[PDB]
């Protein structure tokens, strides 16, 4: 169970695939415009900020992070988010971050 999101380099959701409803319970519009960190368990928040900071330094390769995401039922679900930057080489527009977000076991 997974869904795709795009983020600005700050962490804000700018696109959310509707498979999020079955993965974490929210409609896309409940995620759009908020920072992913707003859905992250307080122990994991700094890891996730530092992951978004680093993924831009990794020359477009994949960075993974595991963290606890707050479902629409206010329960903590373990997620594995694999992220990479994309910048269209015909332009000099700011890169953005593409994430795949899967509910995973912590075992």
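Numbering follows the first chain given and starts at 1.
Exercise. As stated in the PDB record, which stretch has the larger average Cα B-factor, 55 to 63 or 35 to 43?
Worked result: Of 35 to 43 and 55 to 63, the stretch with the higher C-alpha B-factor average is 55 to 63.
For this session: For residue 1, return the chain-relative third of its C-alpha B-factor as stated in the PDB record: lowest, middle or highest.
Result: As the PDB entry reports it, the C-alpha B-factor of residue 1 lands in the highest third of its chain.
For this session: State the tercile, meaning the lowest, middle or highest third, of residue 70 with respect to the CA B-factors recorded for its chain.
Result: As the PDB entry reports it, the C-alpha B-factor of residue 70 lands in the lowest third of its chain.
For this session: For residue 107, return the chain-relative third of its C-alpha B-factor as stated in the PDB record: lowest, middle or highest.
Result: Its C-alpha B-factor belongs to the highest third of this chain's values.
Exercise. Among the modelled residues of its chain, does the C-alpha B-factor of residue 9 lie in the lowest, middle or highest third?
Worked result: CA B-factor rank for residue 9: middle third.
Problem set entry | Modelled-residue ranking by C-alpha temperature factor, third containing residue 22 | As the PDB entry reports it, the C-alpha B-factor of residue 22 lands in the highest third of its chain.
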